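Each remark here refers to the structure printed beneath this line.
Order of appearance sets the numbers: ligands from 1, and atoms from 1 within every ligand. Numbering of residues begins at 1 and proceeds along the displayed sequence.
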Amino acid sequence: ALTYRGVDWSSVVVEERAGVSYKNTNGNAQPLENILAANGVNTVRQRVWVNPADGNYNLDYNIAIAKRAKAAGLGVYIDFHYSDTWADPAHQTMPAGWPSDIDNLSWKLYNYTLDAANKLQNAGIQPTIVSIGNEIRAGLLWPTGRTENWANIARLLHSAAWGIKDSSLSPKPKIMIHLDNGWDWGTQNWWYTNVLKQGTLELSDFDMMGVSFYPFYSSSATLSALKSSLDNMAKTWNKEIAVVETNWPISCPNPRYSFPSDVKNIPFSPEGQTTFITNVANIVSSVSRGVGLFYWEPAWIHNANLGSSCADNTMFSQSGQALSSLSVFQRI
Ligand SMILES: *[C@@H]1O[C@H](CO)[C@@H](O)[C@H](O)[C@H]1NC(C)=O
């Protein structure tokens, strides 16, 4: 049913360079991209940073792994953070060297996006999806695009979108706007309504609405709330929808927040991951134009808790072997 069955495998080269040797469920060594493909994955998400000091996740880093994904028959979803480091609702740090005034920043954002798009094209990489920003619920490129400067945000997003549209990418990618807390209809509605009413960024400027959906940052993240929120988003703007980030723990000794009521019966184990992922996938599929699901960093074994309060959210053993839960992508 789902058009996109994927995972964010951004850390792949970082882990291989750290000595990780990935193995299939049979226990035999095999390139990660091939393991993913063999398990049903058809798309990989990758975070792109502007000028990270150590080079990890910069454009060259992404082109190299995108080529590998392409060779494994996997489509590529480019996630522009528009920052030199992690971009999230609490951090949208201006890339070093970029101007702060809206006129010039908008132009810089356009140039950067256009440039990156053309470089991807020249490398033979045509991403199927491109998000202009990562979880920009509180805006982007702070403080210039910090909420509530809806006028600046809409303008910046318009420039980013057209940087892609004016590029040489062929075929062109679907343009996505990504917000966190997919279950929170109030915030989704508040954000899109205020951004779209500015008159610069138009509905026709983008194609997809992506949301993050995690069970360990609030008990309000129920499957029912996700369903209702996505249904509302679909009926209001009728754009393709996708859960672009999600996790389920195989181990969670002491959570910082209570888990959502409709998932408390799901065990912390590979079997549990299979159940949770399949259920989230089917919630998306039950939504008008719900087309994708992406698990976040299933193979980052050296960062098992993946920034959450739960101990282990990966889908691979500490020795680098794919767990039984990875084949879930063959059934959604
Ligand atoms: C954007 O690129 C154009 C053409 O290369 C250049 O003239 C302009 O100065 C750039 N804008 C910014 C703010 O970098």
Salt bridge (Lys or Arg N to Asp or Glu O under 4.0 Å) pairs touching residues 299-327, sequence neighbours excluded, are none
I need the atoms of ligand 1 closer than 4.0 Å to a non-hydrogen atom of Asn104, numbered in the order shown. 13 (C)
At less than 4.0 angstrom from any non-hydrogen atom of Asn111, what atoms of ligand 1 do you find? 1 (C), 2 (O), 3 (C), 8 (C), 10 (C), 11 (N), 12 (C), 14 (O)
Cationic tip of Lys165 within the cone over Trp162's six-membered ring, i.e. under 6.0 Å and within 45° of the normal? yes
Is the distance from the ring center of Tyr77 to that of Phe294 below 6.0 Å? yes
Taking atom 4 (C) of ligand 1 as the reference point, report whether a protein heavy atom occurs under 4.0 Å from it. no
Is there at least one pair of N or O atoms, one from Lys108 and one from ligand 1, spaced under 3.5 Å apart? no
So, do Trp49 and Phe80 have ring centers that fall under 6.0 Å from each other? no
